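Reproduced below: target.cif, with mmCIF, C-alpha atoms.
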```cif
data_start
loop_
_atom_site.group_PDB
_atom_site.id
_atom_site.type_symbol
_atom_site.label_atom_id
_atom_site.label_comp_id
_atom_site.auth_asym_id
_atom_site.auth_seq_id
_atom_site.Cartn_x
_atom_site.Cartn_y
_atom_site.Cartn_z
ATOM 1 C CA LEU A 1 103.003 144.107 25.140
ATOM 2 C CA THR A 2 99.883 146.162 25.865
ATOM 3 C CA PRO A 3 100.464 149.690 27.124
ATOM 4 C CA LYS A 4 99.045 148.307 30.407
ATOM 5 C CA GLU A 5 101.493 145.433 30.670
ATOM 6 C CA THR A 6 104.318 147.775 29.715
ATOM 7 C CA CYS A 7 103.352 150.139 32.509
ATOM 8 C CA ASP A 8 102.843 147.355 35.049
ATOM 9 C CA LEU A 9 106.178 145.788 34.088
ATOM 10 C CA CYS A 10 108.037 149.051 34.580
ATOM 11 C CA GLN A 11 106.631 149.152 38.102
ATOM 12 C CA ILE A 12 107.185 145.514 39.032
ATOM 13 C CA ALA A 13 110.788 145.706 37.843
ATOM 14 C CA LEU A 14 111.754 148.881 39.673
ATOM 15 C CA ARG A 15 109.980 147.857 42.861
ATOM 16 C CA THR A 16 111.504 144.398 42.943
ATOM 17 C CA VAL A 17 115.036 145.774 42.494
ATOM 18 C CA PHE A 18 114.410 148.517 45.078
ATOM 19 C CA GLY A 19 113.143 145.917 47.515
ATOM 20 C CA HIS A 20 116.182 143.812 46.716
ATOM 21 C CA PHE A 21 118.561 146.414 48.215
ATOM 22 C CA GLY A 22 116.012 147.185 50.880
ATOM 23 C CA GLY A 23 116.340 150.818 49.841
ATOM 24 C CA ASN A 24 120.069 150.897 50.552
ATOM 25 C CA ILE A 25 121.421 151.234 47.028
ATOM 26 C CA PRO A 26 125.178 151.000 46.865
ATOM 27 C CA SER A 27 126.120 152.512 43.505
ATOM 28 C CA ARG A 28 124.775 152.999 39.973
ATOM 29 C CA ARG A 29 127.065 150.263 38.601
ATOM 30 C CA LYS A 30 125.595 147.878 41.178
ATOM 31 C CA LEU A 31 122.042 149.110 40.702
ATOM 32 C CA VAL A 32 122.475 148.416 36.980
ATOM 33 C CA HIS A 33 123.788 144.861 37.441
ATOM 34 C CA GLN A 34 120.486 144.094 39.248
ATOM 35 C CA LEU A 35 118.214 146.068 36.963
ATOM 36 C CA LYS A 36 119.680 143.943 34.123
ATOM 37 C CA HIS A 37 119.206 140.688 36.096
ATOM 38 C CA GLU A 38 115.639 141.677 36.870
ATOM 39 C CA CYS A 39 114.938 142.460 33.193
ATOM 40 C CA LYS A 40 115.801 138.878 32.312
ATOM 41 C CA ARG A 41 113.084 137.412 34.558
ATOM 42 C CA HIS A 42 110.486 138.579 31.998
ATOM 43 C CA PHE A 43 110.524 136.821 28.602
ATOM 44 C CA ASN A 44 108.568 139.381 26.589
ATOM 45 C CA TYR A 45 110.007 142.386 28.346
ATOM 46 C CA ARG A 46 113.728 141.549 28.370
ATOM 47 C CA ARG A 47 114.682 143.555 25.299
ATOM 48 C CA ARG A 48 112.727 146.696 26.076
ATOM 49 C CA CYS A 49 113.531 146.597 29.777
ATOM 50 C CA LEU A 50 117.248 146.332 29.105
ATOM 51 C CA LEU A 51 117.317 149.442 26.909
ATOM 52 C CA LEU A 52 115.112 151.306 29.344
ATOM 53 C CA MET A 53 117.465 150.743 32.261
ATOM 54 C CA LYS A 54 120.436 151.488 30.011
ATOM 55 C CA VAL A 55 119.226 154.907 28.961
ATOM 56 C CA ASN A 56 117.632 155.883 32.272
ATOM 57 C CA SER A 57 119.732 154.282 35.013
ATOM 58 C CA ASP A 58 120.767 157.728 36.276
ATOM 59 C CA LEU A 59 117.169 158.839 36.697
ATOM 60 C CA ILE A 60 116.247 155.517 38.335
ATOM 61 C CA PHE A 61 119.292 155.692 40.622
ATOM 62 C CA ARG A 62 118.530 159.239 41.712
ATOM 63 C CA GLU A 63 114.847 158.562 42.389
ATOM 64 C CA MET A 64 115.521 155.344 44.250
ATOM 65 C CA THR A 65 118.158 156.823 46.577
ATOM 66 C CA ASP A 66 116.172 159.994 47.420
ATOM 67 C CA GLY A 67 113.798 157.966 49.591
ATOM 68 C CA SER A 68 110.723 159.038 47.688
ATOM 69 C CA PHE A 69 110.595 155.892 45.770
ATOM 70 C CA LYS A 70 107.270 155.501 44.066
ATOM 71 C CA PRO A 71 107.814 153.223 41.018
ATOM 72 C CA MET A 72 104.782 154.547 39.128
ATOM 73 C CA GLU A 73 106.245 158.031 39.253
ATOM 74 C CA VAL A 74 109.602 157.282 37.705
ATOM 75 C CA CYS A 75 107.798 155.208 35.051
ATOM 76 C CA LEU A 76 105.657 158.231 34.196
ATOM 77 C CA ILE A 77 108.799 160.350 33.731
ATOM 78 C CA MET A 78 110.155 157.715 31.372
ATOM 79 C CA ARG A 79 106.751 157.722 29.697
ATOM 80 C CA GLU A 80 106.408 153.950 30.203
ATOM 81 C CA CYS A 81 103.275 154.923 32.097
ATOM 82 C CA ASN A 82 100.807 157.595 31.043
ATOM 83 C CA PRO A 83 98.503 159.580 33.402
ATOM 84 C CA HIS A 84 95.726 157.215 32.267
ATOM 85 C CA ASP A 85 97.238 154.019 33.774
ATOM 86 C CA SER A 86 97.190 152.807 37.418
ATOM 87 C CA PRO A 87 99.714 151.706 40.178
ATOM 88 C CA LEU A 88 99.663 148.291 41.942
#
```

Encoded form using structure tokens:
Amino acid sequence: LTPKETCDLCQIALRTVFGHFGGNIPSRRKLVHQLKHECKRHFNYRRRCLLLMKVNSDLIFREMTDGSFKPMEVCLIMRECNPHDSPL
């Protein structure tokens, strides 16, 4: 994966799962079951995605449930996006 792809993928994944719950996220355990499912939709990204959500599910949960949600921002904090890259 390019650093671009890797950034884009972070965003696509978090946005898709956030849209899935329509912003009403029930619990971290549940959030995680979907983050994992969503990781497996991407052949080349599965392995990295899965470890990313594992380590950072608390940060993703917090940011998602605050109402802010901007995917590109949480991906910057995880350093899967750098200030260089762009949103979607």

Hits of the PyMOL selection byres ((chain A and resi 2) around 12) in this structure, as a VMD selection string: chain A and resid 1 3 to 9 44 to 45 80 to 81 85

Export of the given selection (C-alpha atoms) as a PDB file, in the coordinates of the input:
```
ATOM      1  CA  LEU A   1     103.003 144.107  25.140  1.00  0.00           C
ATOM      2  CA  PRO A   3     100.464 149.690  27.124  1.00  0.00           C
ATOM      3  CA  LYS A   4      99.045 148.307  30.407  1.00  0.00           C
ATOM      4  CA  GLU A   5     101.493 145.433  30.670  1.00  0.00           C
ATOM      5  CA  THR A   6     104.318 147.775  29.715  1.00  0.00           C
ATOM      6  CA  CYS A   7     103.352 150.139  32.509  1.00  0.00           C
ATOM      7  CA  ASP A   8     102.843 147.355  35.049  1.00  0.00           C
ATOM      8  CA  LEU A   9     106.178 145.788  34.088  1.00  0.00           C
ATOM      9  CA  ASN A  44     108.568 139.381  26.589  1.00  0.00           C
ATOM     10  CA  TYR A  45     110.007 142.386  28.346  1.00  0.00           C
ATOM     11  CA  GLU A  80     106.408 153.950  30.203  1.00  0.00           C
ATOM     12  CA  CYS A  81     103.275 154.923  32.097  1.00  0.00           C
ATOM     13  CA  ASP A  85      97.238 154.019  33.774  1.00  0.00           C
TER      14      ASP A  85
END
```

Chain and number of each residue from the PyMOL selection byres ((chain A and resi 71-74) around 12), as a PyMOL selection string: chain A and resi 6-19+52-53+56-64+67-70+75-88

Shortest interatomic distance to residue 66 (chain A) - which of A:49, A:32, A:25, A:39, counting all atoms listed in the file: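 When distances to residue 66 (chain A) are compared using all atoms listed in the file, the smallest one comes from A:25.
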
Coordinates-based distance that separates CA of residue 65 (chain A) from CA of residue 21 (chain A) (Å, one decimal): 10.5 Å

Pairwise distance for CA of residue 22 (chain A) and CA of residue 34 (chain A), rounded to one decimal in Å: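 Between these atoms lies a distance of 12.8 Å.
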
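Between CA of residue 51 (chain A) and CA of residue 37 (chain A) lies a distance of 12.8 Å.
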
Long-range neighbours of residue 54 (chain A) as JSON, numbers by chain, 10 Å cut-off, all atoms listed in the file, 6 positions minimum in chain: {"A": [32, 35, 36, 48]}

Using the partial input, fill out region 42-60 of chain A with N, CA and C atoms; write the result as a PDB file, in the frame of the given file.
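Resulting contents of out-v4.pdb:
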```
ATOM      1  N   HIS A  42     111.716 138.382  32.771  1.00  0.00           N
ATOM      2  CA  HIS A  42     110.486 138.579  31.998  1.00  0.00           C
ATOM      3  C   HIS A  42     110.686 138.370  30.493  1.00  0.00           C
ATOM      4  N   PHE A  43     110.264 137.212  29.992  1.00  0.00           N
ATOM      5  CA  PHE A  43     110.524 136.821  28.602  1.00  0.00           C
ATOM      6  C   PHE A  43     110.243 137.935  27.598  1.00  0.00           C
ATOM      7  N   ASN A  44     109.012 138.429  27.597  1.00  0.00           N
ATOM      8  CA  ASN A  44     108.568 139.381  26.589  1.00  0.00           C
ATOM      9  C   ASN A  44     109.070 140.795  26.810  1.00  0.00           C
ATOM     10  N   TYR A  45     109.690 141.029  27.951  1.00  0.00           N
ATOM     11  CA  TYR A  45     110.007 142.386  28.346  1.00  0.00           C
ATOM     12  C   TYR A  45     111.510 142.601  28.339  1.00  0.00           C
ATOM     13  N   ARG A  46     112.266 141.503  28.324  1.00  0.00           N
ATOM     14  CA  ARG A  46     113.728 141.549  28.370  1.00  0.00           C
ATOM     15  C   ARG A  46     114.330 142.659  27.509  1.00  0.00           C
ATOM     16  N   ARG A  47     114.012 142.655  26.226  1.00  0.00           N
ATOM     17  CA  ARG A  47     114.682 143.555  25.299  1.00  0.00           C
ATOM     18  C   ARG A  47     114.409 145.018  25.596  1.00  0.00           C
ATOM     19  N   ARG A  48     113.137 145.334  25.793  1.00  0.00           N
ATOM     20  CA  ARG A  48     112.727 146.696  26.076  1.00  0.00           C
ATOM     21  C   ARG A  48     113.238 147.172  27.438  1.00  0.00           C
ATOM     22  N   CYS A  49     113.100 146.305  28.430  1.00  0.00           N
ATOM     23  CA  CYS A  49     113.531 146.597  29.777  1.00  0.00           C
ATOM     24  C   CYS A  49     114.990 147.006  29.743  1.00  0.00           C
ATOM     25  N   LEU A  50     115.799 146.168  29.111  1.00  0.00           N
ATOM     26  CA  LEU A  50     117.248 146.332  29.105  1.00  0.00           C
ATOM     27  C   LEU A  50     117.700 147.678  28.555  1.00  0.00           C
ATOM     28  N   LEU A  51     117.016 148.149  27.517  1.00  0.00           N
ATOM     29  CA  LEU A  51     117.317 149.442  26.909  1.00  0.00           C
ATOM     30  C   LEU A  51     116.806 150.578  27.759  1.00  0.00           C
ATOM     31  N   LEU A  52     115.720 150.313  28.476  1.00  0.00           N
ATOM     32  CA  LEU A  52     115.112 151.306  29.344  1.00  0.00           C
ATOM     33  C   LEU A  52     116.055 151.616  30.488  1.00  0.00           C
ATOM     34  N   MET A  53     116.546 150.564  31.143  1.00  0.00           N
ATOM     35  CA  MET A  53     117.465 150.743  32.261  1.00  0.00           C
ATOM     36  C   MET A  53     118.777 151.344  31.759  1.00  0.00           C
ATOM     37  N   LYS A  54     119.171 151.000  30.535  1.00  0.00           N
ATOM     38  CA  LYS A  54     120.436 151.488  30.011  1.00  0.00           C
ATOM     39  C   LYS A  54     120.390 152.994  29.881  1.00  0.00           C
ATOM     40  N   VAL A  55     119.349 153.489  29.224  1.00  0.00           N
ATOM     41  CA  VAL A  55     119.226 154.907  28.961  1.00  0.00           C
ATOM     42  C   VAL A  55     118.978 155.687  30.246  1.00  0.00           C
ATOM     43  N   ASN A  56     118.149 155.131  31.129  1.00  0.00           N
ATOM     44  CA  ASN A  56     117.632 155.883  32.272  1.00  0.00           C
ATOM     45  C   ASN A  56     118.147 155.501  33.640  1.00  0.00           C
ATOM     46  N   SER A  57     119.266 154.785  33.715  1.00  0.00           N
ATOM     47  CA  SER A  57     119.732 154.282  35.013  1.00  0.00           C
ATOM     48  C   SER A  57     120.063 155.415  35.979  1.00  0.00           C
ATOM     49  N   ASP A  58     120.463 156.567  35.446  1.00  0.00           N
ATOM     50  CA  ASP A  58     120.767 157.728  36.276  1.00  0.00           C
ATOM     51  C   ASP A  58     119.511 158.288  36.919  1.00  0.00           C
ATOM     52  N   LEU A  59     118.435 158.378  36.152  1.00  0.00           N
ATOM     53  CA  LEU A  59     117.169 158.839  36.697  1.00  0.00           C
ATOM     54  C   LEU A  59     116.633 157.834  37.713  1.00  0.00           C
ATOM     55  N   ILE A  60     116.681 156.544  37.387  1.00  0.00           N
ATOM     56  CA  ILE A  60     116.247 155.517  38.335  1.00  0.00           C
ATOM     57  C   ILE A  60     117.097 155.487  39.608  1.00  0.00           C
TER      58      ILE A  60
END
```
